[PDB]
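Input: a single structure, listed below in structure tokens.
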Amino acid sequence: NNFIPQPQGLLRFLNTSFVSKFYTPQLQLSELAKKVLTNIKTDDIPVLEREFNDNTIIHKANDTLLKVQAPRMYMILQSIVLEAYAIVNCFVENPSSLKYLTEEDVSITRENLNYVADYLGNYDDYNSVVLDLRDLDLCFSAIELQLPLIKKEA
Amino acid sequence: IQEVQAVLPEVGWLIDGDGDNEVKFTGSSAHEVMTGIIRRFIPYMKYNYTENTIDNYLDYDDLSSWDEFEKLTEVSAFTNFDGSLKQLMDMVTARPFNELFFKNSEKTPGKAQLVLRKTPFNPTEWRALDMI
Amino acid sequence: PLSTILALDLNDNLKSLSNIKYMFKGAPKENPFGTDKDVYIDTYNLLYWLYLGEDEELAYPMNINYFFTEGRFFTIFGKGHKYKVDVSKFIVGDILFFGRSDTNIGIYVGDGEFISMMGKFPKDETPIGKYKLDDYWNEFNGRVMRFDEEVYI
Amino acid sequence: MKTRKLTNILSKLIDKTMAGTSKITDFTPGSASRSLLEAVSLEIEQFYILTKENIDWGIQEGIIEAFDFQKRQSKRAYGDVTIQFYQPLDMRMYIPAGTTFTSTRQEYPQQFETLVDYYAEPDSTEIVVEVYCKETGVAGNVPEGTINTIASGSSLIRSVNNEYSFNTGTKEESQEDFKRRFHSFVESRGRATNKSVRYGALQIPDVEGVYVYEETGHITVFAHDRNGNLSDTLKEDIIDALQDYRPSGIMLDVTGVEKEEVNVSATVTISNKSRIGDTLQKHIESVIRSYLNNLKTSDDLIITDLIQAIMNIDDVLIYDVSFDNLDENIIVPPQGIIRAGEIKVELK
């Protein structure tokens with residue numbers, strides 16, 4: 001937010017009984033999500049006057065009726081994107097946001113990611129989204145192992 | 001060419017610099033200007049190759065420069081009196097802010113490539129160079 | 001608008017205003033509309049009397065220097081270019097200038113016409129009248145202005 | 001050939017694995033066997049998904065190959081510009097095809113070039129010529145009054161400007177558009193039908209809107225580009241290409257287009273009482289303009305469609321929308337086309 005603007009669709013998407021045999025969630029907002037979300041909700045952020053990259057995962061979620069068919073799981077996806085969006089911001093700019101994220105906060109995102117991934121598997125409309133989220137499920141695990149180590153380095 | 005009028009009976013061209021051999025190249029970046037400069041003369045440079053000309057053997061693509069900081073340009077063909085295209089190529093380059101050289105095309109082995117890119121002394125552009 | 005209503009009123013009353021007569025720099029002290037007696041008025045004084053009838057006052061004699069610094073006008077088209085196709089975009093009540101040194105002015109009315117006094121120089125007895133723009137288009141000089149009352153003072 | 005989600009695969013795999021022994025049943029996340037089997041099931045899941053996607057792409061490609069109805073590539077952007085001379089002209093002066101036009105604005109560096117010559121008639125004062133954009137995509141859709149200069153000597157030219165925006169610059173057609181085009185193509189194999197003449201006249205790539213009006217003994221065709229202006233070259237090309245679909249015993253005419261004007265006034269109650277300034281209103285007016293300008297002759301203004309379009313914004317922001325003037329659906333005559341006039345938007 002401090003350095004560069006962001007797309008209008010992502011800003012609009014982010015401001016806002018099934019069971020798996022392997023997973024259960026808990027809807028904790030990460031401490032970094034808690035303070036970044038307020039900034040997104042407020043107008044103090046630059047934003048762009050045009051949109052491109054229609055292949056992103058955000059437009060995929062928008063195109064499907066997941067909002068009205070399963071608003072619970074639509075909510076969880078917003079939570080996944082909220083944590084995932086914030087941890088991209090700190091490395092590229094504003095390092096002062098560090099020491100506000102813990103491996104437990106990052107860990108439960110995989111819990112929530114797979115708890116929604118099973119649900120998405122029951123309706124093969126959402127295959128395009130399923131394919132995407134599985135790629136991120138291994139991405140976070142790497143960050144969890146390196147986050148305690150990186151924090152001491154920085 | 002000094003003594004050529006190139007007139008027409010009761011007709012004329014609305015753009016100036018016509019009738020005479022003046023040619024004007026316009027672009028908002030080096031890759032836009034350099035494309036027009038090279039493309040103006042490259043095809044007609046014909047040779048006796050059994051198979052084509054220099055345009056097949058030279059890609060002269062994937063050019064870039066500081067488009068944001070450079071405005072629109074009106075670079076003239078005859079900026080240099082009877083000079084070579086290399087002399088006119090240097091003006092377009094605007095050294096040392098942009099680096100021009102001839103080198104083999106690693107991405108397409110078997111043929112050469114004309115490179116025109118912003119200088120790699122920038123931090124992110126420095127990291128974009130392949131390490132050896 | 002004020003200028004369009006005044007131009008329409010002048011057009012409607014143009015045939016009854018034959019008492020008014022042409023002169024080079026007629027600046028009479030009597031109002032032409034408040035007197036049945038004939039009176040010699042030029043285009044500048046005519047516009048002054050026409051605007052004075054309402055609440056606006058402007059200034060007297062309202063020579064060419066009035067348009068320079070008083071800030072009562074904003075230019076629509078500058079002098080020195082002369083396009084015949086962009087005449088249709090004009091509107092009633094726009095002031096039309098004439099002559100190479102701002103000798104005379106006019107008021108535009110629709111259907112490609114204008115209202116002005118034309119006649120021989122040494123105090124012609126011809127009354128006010130409306131002429132076609134086709135013959136006078138040569139001496140138009142491209143200068144056009146417009147009025148604005150809301151923001152002034 | 002069906003999806004099987006990761007956990008389904010993994011479960012079947014472990015269930016099979018446990019047959020014949022009971023020295024494996026410990027599958028905590030720390031276990032390495034679980035990790036290997038999770039990775040195998042992940043790869044099998046991805047394989048199934050990519051297989052299904054590639055099947056769909058194969059279906060599309062066969063549909064391409066069978067009927068030779070190739071997808072439309074990138075479409076050039078073009079329009080009209082006005083040349084303004086210092087004085088009315090003194091000779092039958094001439095512009096050659098392939099004269100360049102460039103915008104002095106730094107935010108639109110894209111160039112334009114002409115394709116057909118023009119001669120300016122003597123004692124003329126303006127001329128309208130067509131310019132085609134070298135680049136193809138969204139960048140050709142410049143705003144109004146963007147092309148300032150001709151990027152040449154311009155000895156007798158003072159300034160150049162465009163009175164209308166460029167709308168024909170469009171990106172490559174999506175799958176859905178191609179499917180719609182193909183379903184009209186399949187339904188258009190029988191000639192002498194209105195649905196057939198639709199494809200008949202839509203086959204030209206440049207045409208976007210098209211409508212056909214019929215009567216007792218005459219057929220008429222109404223079509224236009226995205227800008228909404230018919231050209232004589234397009235009419236000629238339509239006549240040339242459409243011979244294979246024209247009814248034999250009935251005359252055909254391709255002409256007729258009018259811009260129907262309507263003023264839209266809406267009232268929007270934003271959920272946030274804060275941040276109700278005219279900046280968001282400008283954005284809303286620009287979205288309404290883009291929506292209304294996108295319609296074609298065959299489409300008609302509907303209240304509910306407008307409501308949907310404007311409410312694409314997140315319903316948490318905008319809570320209510322209402323129209324003070326619009327209370328019934330407007331029916332567009334076949335020849336005319338509904339578009340935005342002068343729009344006025346306010347909070348309350």
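As shown in the structure tokens, the chain order sets the letters A, B, ...; within each chain, residues go from 1, and ligands are also counted from 1 in the order they appear.
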Test item: residues at most 12 Å from residue B:7, only C-alpha atoms, excluding those fewer than 3 positions along its chain, as a PyMOL selection string: chain B and resi 4+10-13+18-20
What does the file look like for those residues with N, CA and C atoms, as a compact mmCIF listing (two decimals), in the first residue's frame?
# COMPACT_ATOMS: atom_id res chain seq x y z
N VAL B 4 17.21 17.96 -56.40
CA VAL B 4 15.99 17.26 -56.81
C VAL B 4 14.78 17.96 -56.19
N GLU B 10 -0.09 21.09 -60.02
CA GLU B 10 -1.27 21.55 -59.28
C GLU B 10 -1.74 20.52 -58.24
N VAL B 11 -0.78 19.78 -57.67
CA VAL B 11 -1.03 18.85 -56.57
C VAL B 11 0.17 18.94 -55.63
N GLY B 12 -0.06 18.64 -54.35
CA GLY B 12 1.03 18.62 -53.39
C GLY B 12 0.66 17.88 -52.13
N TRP B 13 1.68 17.56 -51.34
CA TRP B 13 1.53 16.73 -50.15
C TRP B 13 1.32 17.59 -48.92
N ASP B 18 8.23 16.49 -47.72
CA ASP B 18 7.86 15.57 -48.80
C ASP B 18 8.31 16.17 -50.12
N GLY B 19 8.54 15.30 -51.09
CA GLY B 19 9.21 15.64 -52.34
C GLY B 19 10.71 15.49 -52.21
N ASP B 20 11.26 16.02 -51.12
CA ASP B 20 12.65 15.86 -50.74
C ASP B 20 12.81 14.53 -50.01
Within 12 Å of chain C: residues of chain D, using only C-alpha atoms, as a list in words: residues 84, 85, 86, 87, 88, 89, 123, 124, 125, 126, 127 and 158 of chain D
message: What's around stretch 297-306 of chain D at 7 Å? Count only C-alpha atoms, leave out sequence neighbours fewer than 6 positions away in its own chain, and write the answer as number ranges by chain.
response: D: 209-211, 329-332, 334, 336-338
For the residues in the current selection, export N, CA, C and O atoms as an mmCIF file, in the first residue's frame.
data_model
loop_
_atom_site.group_PDB
_atom_site.id
_atom_site.type_symbol
_atom_site.label_atom_id
_atom_site.label_comp_id
_atom_site.auth_asym_id
_atom_site.auth_seq_id
_atom_site.Cartn_x
_atom_site.Cartn_y
_atom_site.Cartn_z
ATOM 1 N N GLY D 209 -22.513 -5.298 -33.578
ATOM 2 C CA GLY D 209 -23.963 -5.258 -33.506
ATOM 3 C C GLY D 209 -24.550 -5.479 -34.889
ATOM 4 O O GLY D 209 -24.005 -5.012 -35.890
ATOM 5 N N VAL D 210 -25.662 -6.205 -34.933
ATOM 6 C CA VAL D 210 -26.331 -6.507 -36.190
ATOM 7 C C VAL D 210 -27.773 -6.891 -35.886
ATOM 8 O O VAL D 210 -28.042 -7.664 -34.959
ATOM 9 N N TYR D 211 -28.702 -6.350 -36.672
ATOM 10 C CA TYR D 211 -30.118 -6.658 -36.548
ATOM 11 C C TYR D 211 -30.742 -6.631 -37.937
ATOM 12 O O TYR D 211 -30.312 -5.872 -38.811
ATOM 13 N N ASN D 329 -39.418 -0.486 -18.796
ATOM 14 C CA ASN D 329 -38.470 -0.856 -19.842
ATOM 15 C C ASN D 329 -38.749 -0.116 -21.147
ATOM 16 O O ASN D 329 -39.887 -0.041 -21.618
ATOM 17 N N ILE D 330 -37.679 0.371 -21.768
ATOM 18 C CA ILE D 330 -37.739 1.113 -23.024
ATOM 19 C C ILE D 330 -37.474 0.160 -24.182
ATOM 20 O O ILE D 330 -36.491 -0.594 -24.165
ATOM 21 N N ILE D 331 -38.353 0.188 -25.184
ATOM 22 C CA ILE D 331 -38.248 -0.664 -26.368
ATOM 23 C C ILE D 331 -37.572 0.144 -27.468
ATOM 24 O O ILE D 331 -38.071 1.204 -27.865
ATOM 25 N N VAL D 332 -36.458 -0.366 -27.985
ATOM 26 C CA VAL D 332 -35.687 0.361 -28.991
ATOM 27 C C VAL D 332 -36.276 0.033 -30.364
ATOM 28 O O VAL D 332 -36.545 -1.145 -30.635
ATOM 29 N N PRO D 334 -36.154 -0.966 -34.299
ATOM 30 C CA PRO D 334 -35.100 -1.779 -34.949
ATOM 31 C C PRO D 334 -33.927 -0.996 -35.524
ATOM 32 O O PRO D 334 -32.785 -1.463 -35.449
ATOM 33 N N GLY D 336 -32.848 2.275 -34.734
ATOM 34 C CA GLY D 336 -32.122 2.971 -33.687
ATOM 35 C C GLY D 336 -31.450 2.061 -32.669
ATOM 36 O O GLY D 336 -31.720 0.867 -32.553
ATOM 37 N N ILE D 337 -30.540 2.675 -31.910
ATOM 38 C CA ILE D 337 -29.744 2.013 -30.880
ATOM 39 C C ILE D 337 -29.731 2.920 -29.655
ATOM 40 O O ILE D 337 -29.526 4.132 -29.782
ATOM 41 N N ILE D 338 -29.946 2.340 -28.474
ATOM 42 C CA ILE D 338 -29.970 3.106 -27.232
ATOM 43 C C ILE D 338 -28.551 3.239 -26.697
ATOM 44 O O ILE D 338 -27.808 2.254 -26.608
#
message: Applying 10 Å and only C-alpha atoms, which residues near stretch 31-46 of chain B remain after dropping the ones on its own chain fewer than 5 positions away? List them as a PyMOL selection string.
response: (chain B and resi 23-26+52-56+58+60-67+72-75+77+85+88-89+92-93+116-117) or (chain D and resi 109-111)
- prompt: Between A:1, A:26, A:6, A:122, which has the minimum distance to chain D (counting only C-alpha atoms)?
  reply: A:122
